[PDB]
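Quick setup: one chain, the form deposited without the partner chain, written in structure tokens, and binding and motion questions come after.
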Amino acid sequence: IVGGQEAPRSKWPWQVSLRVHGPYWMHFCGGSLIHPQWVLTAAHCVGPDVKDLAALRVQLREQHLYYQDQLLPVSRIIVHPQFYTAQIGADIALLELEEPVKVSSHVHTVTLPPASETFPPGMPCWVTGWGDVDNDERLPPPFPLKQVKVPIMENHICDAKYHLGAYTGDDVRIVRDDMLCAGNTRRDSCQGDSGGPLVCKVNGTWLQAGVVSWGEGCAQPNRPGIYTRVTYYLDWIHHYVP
């Protein structure tokens, strides 16, 4: 998270951290609980190469990384079959927890959007994670979950920005229909925030509008963060999650 601050313990009960086995169980990507047995994440966090499920653990909503880990094994990794790179798209994946979750008050599921929700510019939107706090700067210990409010920008407004300072022909779409743009030179997600939730408050309900995907660096001039547009992939998601 670039800009924004440390999150209150009550907010973002759906936030999860993904761990890879090493010298310690290290955070590498974010995620969200969308069902007591299912986590939504970014395909590039776990793909496109096939990886050992034993090497992976999920940690549910924690205020600081590592302090009180209760790591959770994973039974299935479902990566969207159109995915190969985040720029080509379909950067979305599903993890099946080995057991459904103890759904309390501090941890519970985020609500998915109706297929009809567009999230027009001006909607109140927040992204959260334990990623870098600027380009090439790790989040310092004790690793607090951070949050930032990011301004949404229309895909076409955003697409044109991406052509500023670029050789890429104007007729060539950089920001694709299954994507969504948000953030500015002061508010953004970054490396390590990947696969994490972008949530907007619509009529009093938090809906996950996006999954953190990619971008040209973090909070760079004319390079807003790019998210997987969740609505776009609702059918593929409901095919697997109850």
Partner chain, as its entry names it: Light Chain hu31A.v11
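Numbering follows the first chain given and starts at 1.
What comes next is about the form solved in complex with the partner chain, which is not displayed.
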Answer yes if any heavy atom of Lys51 is within 4.5 Å of a heavy atom of the partner chain in the deposited bound form; otherwise answer no. yes
Notebook entry, point to check: Taking the shortest heavy atom distance, is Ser75 within 4.5 Å of the partner chain in the deposited bound form?
Noted result: yes
Looking in the deposited bound form, the residues of 190 to 221 with a heavy atom no more than 4.5 Å from the partner chain, listed in order, are none
